[PDB]
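> Supplied in structure tokens, the structure appears directly below.
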Amino acid sequence: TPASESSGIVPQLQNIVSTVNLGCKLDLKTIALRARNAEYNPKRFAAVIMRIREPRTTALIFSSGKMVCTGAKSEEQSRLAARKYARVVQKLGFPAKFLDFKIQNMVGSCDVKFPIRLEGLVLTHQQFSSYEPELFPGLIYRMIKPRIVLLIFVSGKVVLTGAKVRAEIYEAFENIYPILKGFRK
Amino acid sequence: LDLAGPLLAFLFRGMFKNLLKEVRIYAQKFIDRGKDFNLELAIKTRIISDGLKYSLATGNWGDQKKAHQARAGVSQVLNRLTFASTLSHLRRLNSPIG
Amino acid sequence: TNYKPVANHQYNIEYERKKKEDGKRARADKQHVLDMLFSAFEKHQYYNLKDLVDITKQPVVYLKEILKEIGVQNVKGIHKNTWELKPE
Amino acid sequence: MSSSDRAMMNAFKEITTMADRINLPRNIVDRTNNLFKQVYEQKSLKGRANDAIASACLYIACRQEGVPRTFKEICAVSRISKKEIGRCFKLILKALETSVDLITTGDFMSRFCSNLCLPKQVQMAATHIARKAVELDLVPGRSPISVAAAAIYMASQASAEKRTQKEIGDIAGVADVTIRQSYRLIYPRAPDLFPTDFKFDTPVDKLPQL
Amino acid sequence: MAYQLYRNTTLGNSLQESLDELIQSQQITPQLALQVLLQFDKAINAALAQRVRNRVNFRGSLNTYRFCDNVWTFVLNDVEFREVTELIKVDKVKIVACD
Amino acid sequence: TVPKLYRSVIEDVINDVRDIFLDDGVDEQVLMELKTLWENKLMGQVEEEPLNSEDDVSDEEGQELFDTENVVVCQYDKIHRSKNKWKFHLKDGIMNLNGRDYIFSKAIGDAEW
Amino acid sequence: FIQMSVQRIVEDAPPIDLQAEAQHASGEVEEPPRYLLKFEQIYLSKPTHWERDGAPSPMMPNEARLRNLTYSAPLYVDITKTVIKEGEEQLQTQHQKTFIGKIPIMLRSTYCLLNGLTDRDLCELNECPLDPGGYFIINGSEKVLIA
Amino acid sequence: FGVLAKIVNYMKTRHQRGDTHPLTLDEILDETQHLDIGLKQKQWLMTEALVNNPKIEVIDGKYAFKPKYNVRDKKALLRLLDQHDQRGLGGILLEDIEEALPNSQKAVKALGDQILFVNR
């Protein structure tokens, strides 16, 4: 017996957000100066914005030494870029480190490949499901099981985020797909 | 003999002074922010409107918060005991009772 | 009947202006502000804190740290937090 | 008296001053006053602008009376961005833990057609056109008001009381292209969407295209 | 605020070298060189606002970039400045953009 | 027409500083020497510290200083980016390409990174 | 009074101008901003009432009695917004036509459109032909001014 | 006044920074690259400003401190403090930091030794 009567349309993860501390305080002005591919403006934000073409990622370098890695398709790639970012900063002349690395966010998406009656869905699961066509064309499902948020669209497209574990996207989706099938137009 | 028109104009004159000042209070808010002006937002139509609702309903005459004492009972509900009674009501005359 | 502008017009107008510049500016190695202080206090011995805030482009608390550093302040017999350079 | 209530006290004057601008029934306003009082009593959202909450209370009461007014309309009487009203709205739904209702096109058929002084027959025809269109989900995307306006447009275009999209667009507030798109979506069924009790002023064949 | 940076150009430098010569030959005072350079600055700013009218279109992949004190400094590669007659492709170009 | 404009500036700048030259008591022939000299000039890791276990993703910076690049100086009107797609809106620019000198009043561009 | 007196007050002194603070030293501020407001003819709609759907309807004085509504009409005004602004853009004008209020009207007024209708019309309206009015209806209640 | 406040502040700053030795006006101008203040101003600063200062210390040909005259005594001000007959004039927390080192580390040990603090 399958776990669900409908199963798959594997929900593919599309984005990961992670942060790490370089273990030292830095001078972003110097960093901005030295870097060949970064931006900085204290009048706009207190951190340096650096990018690498590797996996087309972006980093946020706080003066505190904290950094943020974005754009990564996987936690490892986020870890890889963040590690790759940490090195260069060190290579600028700084005592950068890989202290306290952690995943901050993961983003997934998928298509159920069939349209569903949101009216019924927002009605039957108002406790969790949320939607407003005057607000945004996508229905917002805030699952608490694994504390996941889903975005459900009239075309059947779905987006999942707020995850720090990839399995949770699969899991949140495994719970919601059958229900959706039961809401087929 | 005092009639509705000169009397209403006095409230109209007073509430307009109230209305002019209230919009000016917005004008003060407008200069305060320096953000662009909004005419419709400053508007408080009800103030006069509801203010008039009091004078007209009770028969009282003033801002009730201040001047009104010397002008109570200007206006009353029509009497319908007979048509003639009604007509008498329509044509009755009163005084400041000294 | 009057059109609903989905956002307050003047607020929106405020937005075009607001996005241009912020008061959240930088302040490293205090020096340019004291030099400016000599310029202002050359015109009068004491000034109001808001007026001191006008020449500056920095948070008042940070500014408070500066005015404490080279000066003291008063009520000047007018309650107002008025600051002046140290006579000593 | 209680400095504490004075912003709340002023908010209900501002609620009244907000209900004043468009001649709202007092029963709606009273629930609204009660809604704020409740939201005030929670204080969990004290970190929020009172006027937005008042405006959000107002949007809710209209829905609670089964006659919602658009945020666009609600914006007309307030400084609060539609975004912040929506944001505050969500917070109140969460704050007061209460559900809401979905919108219907017919609820706005009345005043808009009124604002165009359109006769009930056109008004009612539009409502069917709208009603039939949504039952068939002919427009699974466009906002129902946008869909309604095009139906109204179609209806007005099916009567002598024709109006330009820009005027209608001006009344509804939606983009003139959005009606134009919504019209393109309803146009394939323009003839059959009309009610069986109708008297054309222009053949459906002669209905304009845009 | 006047842009001193435009003195760091061929136009600006050829002037400064010629002036420095005039200082080496002591035909002028250093103060005179400064006022003329200051005037040149004011003059070149004015010419940009007035005599200049032509516009140009450009295309080129970004190689490197930097930003500080409201001034951007880029270096793009495989760049192409586009003009109806003087089309110019370049392997690399350095771009300074003051506010 | 463009080289003519450059001359206009040459005439205008030289003439407009003439009086300053006088104020120094400097002879106008020296001014003519200035112009003459000038014209002639015209033509993996397993610990929070061994970061070096990730060495070398950065390339060589000496690519950026050999005057392989012709130079351009201009104010900017708008800069835009979309993940990897960049957009540029520029104005009032001085270009020096292949030793040649150019000028523009407005510039709009696009780039990927 | 309706015809002229309220208007004479509107004729009187509604124009107001306001100038922003100089906020001295905002470099080359130039001079502080300034705004002026101007008013023309005052307008009055026929007695009407707005139903909870937000839509308008005619205010039947018979309806006013039944629903206990206050017999009133909308009052409207020509408004102008006007500013040299103390800037280079002096004399730039902006026009408004603004709702100011709902005025309660005397029965058998010139604006009491029933005043032209026949007795037969009035009975068609279920109105009494020997009921000249001359007194307001407030919250459905009949109100007379005493001289 | 501002320049004098700037002179005092620099003198304070350079001394804290490590230059615990008497200075001169010229030496300050030089080090601050402000030498071109004009001989008139330079002179007026030297022989009137640093004369009207009520606490400036003439060591000889070099000006010294007015704020903290005491040496780098750092820890222990017990002998002065103990004097209950005059309370001890004790020291201000600002004065203590100025003296050599931050108070807190010394204070933590001092709080169980010989010193009590009031917030007044």
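To be explicit about the labels: the chains of the structure tokens are called A, B, and onward in the order shown, and within each one the residues are counted from 1, while ligands get numbers from 1 in the order they are shown.
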Compute the set of chain B residues within 8 Å of chain D, using only C-alpha atoms, and express it as a short mmCIF file (atom, residue, chain, number, x, y, z; two decimals) with N, CA, C and O atoms, in the first residue's frame.


data_model
loop_
_atom_site.label_atom_id
_atom_site.label_comp_id
_atom_site.auth_asym_id
_atom_site.auth_seq_id
_atom_site.Cartn_x
_atom_site.Cartn_y
_atom_site.Cartn_z
N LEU B 41 -9.14 64.24 2.35
CA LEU B 41 -8.77 63.71 3.66
C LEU B 41 -8.95 64.66 4.85
O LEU B 41 -9.30 64.22 5.95
N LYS B 44 -14.14 66.96 7.15
CA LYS B 44 -14.96 66.37 8.20
C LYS B 44 -16.37 66.93 8.08
O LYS B 44 -16.76 67.84 8.81
N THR B 45 -17.13 66.38 7.13
CA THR B 45 -18.45 66.90 6.78
C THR B 45 -19.47 66.72 7.89
O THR B 45 -20.32 67.57 8.13
N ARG B 46 -19.34 65.58 8.56
CA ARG B 46 -20.27 65.12 9.58
C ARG B 46 -20.39 66.10 10.75
O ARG B 46 -21.46 66.23 11.35
#

> Find the residues near segment 76-87 of chain E: any atom within 12 Å, counting only C-alpha atoms, skip ones fewer than 2 places away on the same chain, and give them as a VMD selection string.

(chain A and resid 36 to 37) or (chain E and resid 54 to 66 73 to 74 89 to 96) or (chain F and resid 2 63 to 64 68 to 72 86 95 to 97 100 to 104 107 to 113)

> From a DSSP pass on the backbone, collect the residues of segment 23-117 of chain G flagged as strand (DSSP E) and hand them back as a PyMOL selection string.

chain G and resi 34-44+48-50+56-58+72-83+92-104

> Using the chain letters and numbers from this document, which residues of segment 11-71 of chain C does DSSP assign to alpha helix (DSSP H), as an MDAnalysis selection string?

chainID C and resid 11:20 32:41 49:55 60:70

> Applying 12 Å and only C-alpha atoms, which residues near residue 93 of chain A remain after dropping the ones on its own chain fewer than 5 positions away? List them as a list in words.

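Returned residues: residues 24, 26, 27, 30, 31, 34, 35, 86, 87 and 88 of chain A.
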
> Export C-alpha atoms of the chosen residues as a compact mmCIF listing (two decimals), in the first residue's frame?


# COMPACT_ATOMS: atom_id res chain seq x y z
CA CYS A 24 36.47 37.95 13.11
CA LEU A 26 36.10 42.94 9.16
CA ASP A 27 36.40 46.24 7.32
CA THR A 30 38.60 47.57 2.50
CA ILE A 31 36.78 44.41 1.34
CA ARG A 34 39.84 44.76 -2.69
CA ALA A 35 37.03 42.65 -4.19
CA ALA A 86 35.05 32.47 3.50
CA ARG A 87 38.34 31.55 1.81
CA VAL A 88 38.53 34.61 -0.44

> So which residues touch residue 45 of chain E within 12 Å, counting only C-alpha atoms, skipping near sequence neighbours fewer than 6 positions away, as a VMD selection string?

(chain E and resid 1 to 7 38 to 39 51 to 52) or (chain F and resid 9 13 74 to 75 92 to 94)

> Could you list, as a PyMOL selection string, every residue of chain G that has an atom within 8 Å of an atom of chain B, counting only C-alpha atoms?

chain G and resi 1-2+5-6+9+14+18-21+98-103+134-135+138+141-147

> My list of candidates is H:24, H:43, H:53, H:104. Which is closest to chain C when distances are computed with only C-alpha atoms?

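Nearest candidate to chain C out of H:24, H:43, H:53, H:104: H:53.
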
> Could you write out as a VMD selection string the residues of chain B within 8 Å of chain C, counting only C-alpha atoms?

chain B and resid 35 to 38

> Produce a file of the selected residues containing C-alpha atoms, as a PDB file, in the first residue's frame.


ATOM      1  CA  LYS B  35       4.146  65.655   2.194  1.00  0.00           C
ATOM      2  CA  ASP B  36       1.766  66.563  -0.671  1.00  0.00           C
ATOM      3  CA  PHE B  37      -1.688  67.951   0.084  1.00  0.00           C
ATOM      4  CA  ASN B  38      -4.973  66.061   0.341  1.00  0.00           C
TER       5      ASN B  38
END

> Contacts between chain H and chain C, please, where a residue of chain C counts if it comes within 10 Å (with only C-alpha atoms); show its shortest atom pair and distance in Å to one decimal, rows by chain and ascending number, as CSV.


residue,atom,partner,partner_atom,distance
C:31,CA,H:6,CA,9.1
C:34,CA,H:2,CA,7.5
C:35,CA,H:2,CA,7.2
C:36,CA,H:2,CA,9.0
C:37,CA,H:2,CA,6.8
C:38,CA,H:2,CA,4.3
C:39,CA,H:2,CA,8.0
C:40,CA,H:2,CA,9.5
C:41,CA,H:2,CA,7.7
C:42,CA,H:1,CA,7.9
C:45,CA,H:1,CA,9.5
C:69,CA,H:9,CA,9.0
C:70,CA,H:5,CA,6.7
C:71,CA,H:5,CA,9.2
C:85,CA,H:1,CA,7.3
C:86,CA,H:5,CA,7.7
C:87,CA,H:1,CA,7.6
C:88,CA,H:53,CA,6.7

> Output N, CA and C atoms of each residue in that selection to a file, as a JSON list (two decimals), in the first residue's frame.


[["chain", "number", "residue", "atom", "x", "y", "z"],
["C", 31, "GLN", "N", 35.49, 63.55, 13.61],
["C", 31, "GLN", "CA", 36.35, 64.69, 13.27],
["C", 31, "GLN", "C", 35.73, 65.80, 12.42],
["C", 34, "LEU", "N", 33.16, 67.92, 14.65],
["C", 34, "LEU", "CA", 33.78, 68.92, 15.52],
["C", 34, "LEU", "C", 34.26, 70.18, 14.79],
["C", 35, "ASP", "N", 34.85, 69.99, 13.62],
["C", 35, "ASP", "CA", 35.24, 71.10, 12.75],
["C", 35, "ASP", "C", 34.04, 71.98, 12.40],
["C", 36, "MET", "N", 32.92, 71.34, 12.07],
["C", 36, "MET", "CA", 31.66, 72.03, 11.81],
["C", 36, "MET", "C", 31.13, 72.73, 13.06],
["C", 37, "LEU", "N", 31.36, 72.12, 14.22],
["C", 37, "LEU", "CA", 31.02, 72.74, 15.50],
["C", 37, "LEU", "C", 31.73, 74.07, 15.72],
["C", 38, "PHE", "N", 33.02, 74.15, 15.41],
["C", 38, "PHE", "CA", 33.73, 75.43, 15.49],
["C", 38, "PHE", "C", 33.06, 76.48, 14.60],
["C", 39, "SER", "N", 32.66, 76.09, 13.39],
["C", 39, "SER", "CA", 31.92, 76.98, 12.51],
["C", 39, "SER", "C", 30.60, 77.53, 13.04],
["C", 40, "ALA", "N", 29.75, 76.66, 13.59],
["C", 40, "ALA", "CA", 28.50, 77.10, 14.21],
["C", 40, "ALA", "C", 28.67, 77.96, 15.47],
["C", 41, "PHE", "N", 29.43, 77.45, 16.43],
["C", 41, "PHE", "CA", 29.66, 78.16, 17.69],
["C", 41, "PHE", "C", 30.44, 79.46, 17.55],
["C", 42, "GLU", "N", 31.04, 79.67, 16.38],
["C", 42, "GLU", "CA", 31.68, 80.95, 16.09],
["C", 42, "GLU", "C", 30.62, 82.03, 15.89],
["C", 45, "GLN", "N", 27.36, 81.36, 21.06],
["C", 45, "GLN", "CA", 27.94, 80.50, 22.09],
["C", 45, "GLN", "C", 27.17, 79.20, 22.29],
["C", 69, "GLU", "N", 31.22, 65.10, 24.76],
["C", 69, "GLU", "CA", 32.66, 64.96, 24.62],
["C", 69, "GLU", "C", 33.43, 66.29, 24.63],
["C", 70, "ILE", "N", 32.88, 67.32, 23.99],
["C", 70, "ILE", "CA", 33.57, 68.61, 23.97],
["C", 70, "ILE", "C", 32.77, 69.73, 24.64],
["C", 71, "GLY", "N", 31.59, 69.38, 25.15],
["C", 71, "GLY", "CA", 30.73, 70.37, 25.77],
["C", 71, "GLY", "C", 29.86, 69.84, 26.89],
["C", 85, "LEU", "N", 30.02, 74.97, 23.72],
["C", 85, "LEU", "CA", 31.36, 74.42, 23.77],
["C", 85, "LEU", "C", 31.90, 74.71, 25.16],
["C", 86, "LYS", "N", 32.83, 73.89, 25.62],
["C", 86, "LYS", "CA", 33.36, 74.05, 26.97],
["C", 86, "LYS", "C", 34.25, 75.28, 27.06],
["C", 87, "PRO", "N", 33.92, 76.19, 27.98],
["C", 87, "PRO", "CA", 34.72, 77.40, 28.20],
["C", 87, "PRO", "C", 36.11, 77.04, 28.71],
["C", 88, "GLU", "N", 36.23, 75.85, 29.29],
["C", 88, "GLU", "CA", 37.51, 75.34, 29.76],
["C", 88, "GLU", "C", 37.98, 74.21, 28.84]]

> Would you mind listing what lies within 7 Å of segment 69-82 of chain G as an MDAnalysis selection string, with only C-alpha atoms counted and same-chain residues fewer than 5 positions away left out?

chainID G and resid 35:48 61 64 91:105 136:140

> Write a file of the just-selected residues containing C-alpha atoms, as a PDB file, in the first residue's frame.


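In the end it all went to out_27.pdb:
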ATOM      1  CA  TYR G  35      -0.322  76.618  -0.735  1.00  0.00           C
ATOM      2  CA  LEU G  36      -3.629  78.478  -1.408  1.00  0.00           C
ATOM      3  CA  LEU G  37      -7.270  77.278  -1.557  1.00  0.00           C
ATOM      4  CA  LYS G  38     -10.105  78.790  -3.671  1.00  0.00           C
ATOM      5  CA  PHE G  39     -13.904  78.254  -3.814  1.00  0.00           C
ATOM      6  CA  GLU G  40     -16.673  78.947  -6.366  1.00  0.00           C
ATOM      7  CA  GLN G  41     -20.377  78.022  -6.688  1.00  0.00           C
ATOM      8  CA  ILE G  42     -22.065  75.777  -4.123  1.00  0.00           C
ATOM      9  CA  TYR G  43     -24.139  72.887  -5.443  1.00  0.00           C
ATOM     10  CA  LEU G  44     -27.110  70.982  -4.051  1.00  0.00           C
ATOM     11  CA  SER G  45     -28.408  67.581  -5.114  1.00  0.00           C
ATOM     12  CA  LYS G  46     -32.090  66.690  -4.852  1.00  0.00           C
ATOM     13  CA  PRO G  47     -33.029  64.920  -1.588  1.00  0.00           C
ATOM     14  CA  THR G  48     -31.517  61.451  -1.743  1.00  0.00           C
ATOM     15  CA  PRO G  61     -40.604  62.162   2.205  1.00  0.00           C
ATOM     16  CA  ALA G  64     -38.469  59.329   5.286  1.00  0.00           C
ATOM     17  CA  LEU G  91       0.117  80.165 -10.667  1.00  0.00           C
ATOM     18  CA  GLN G  92      -0.572  76.455 -10.961  1.00  0.00           C
ATOM     19  CA  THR G  93      -4.179  75.663 -10.259  1.00  0.00           C
ATOM     20  CA  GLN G  94      -6.023  72.455  -9.414  1.00  0.00           C
ATOM     21  CA  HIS G  95      -9.776  72.023  -9.392  1.00  0.00           C
ATOM     22  CA  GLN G  96     -12.044  70.140  -6.970  1.00  0.00           C
ATOM     23  CA  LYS G  97     -15.764  69.481  -6.746  1.00  0.00           C
ATOM     24  CA  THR G  98     -16.254  68.218  -3.269  1.00  0.00           C
ATOM     25  CA  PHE G  99     -19.026  66.744  -1.165  1.00  0.00           C
ATOM     26  CA  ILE G 100     -19.568  68.949   1.881  1.00  0.00           C
ATOM     27  CA  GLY G 101     -22.814  67.693   3.409  1.00  0.00           C
ATOM     28  CA  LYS G 102     -26.413  66.559   3.439  1.00  0.00           C
ATOM     29  CA  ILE G 103     -28.753  69.427   4.157  1.00  0.00           C
ATOM     30  CA  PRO G 104     -32.195  68.780   5.676  1.00  0.00           C
ATOM     31  CA  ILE G 105     -34.804  70.490   3.545  1.00  0.00           C
ATOM     32  CA  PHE G 136     -38.534  69.330   8.483  1.00  0.00           C
ATOM     33  CA  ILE G 137     -38.654  65.574   8.930  1.00  0.00           C
ATOM     34  CA  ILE G 138     -35.852  64.490  11.269  1.00  0.00           C
ATOM     35  CA  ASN G 139     -35.316  60.792  11.895  1.00  0.00           C
ATOM     36  CA  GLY G 140     -38.829  60.295  10.546  1.00  0.00           C
TER      37      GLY G 140
END

> Fewer than 2 positions away in the same chain doesn't count, so skip those; otherwise give me all residues within 12 Å of residue 84 of chain A, counting only C-alpha atoms, as a count of residues only.

39

> So the first atom is atom CA of residue 69 of chain H and the second is atom CA of residue 102 of chain H; what is the distance between them in Å, to one decimal place?

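It comes out at 17.9 Å.
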
> Provide the atom CA of residue 109 of chain A to atom CA of residue 12 of chain A distance in Å, to one decimal place.

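For atom CA of residue 109 of chain A relative to atom CA of residue 12 of chain A, the distance reads 5.4 Å.
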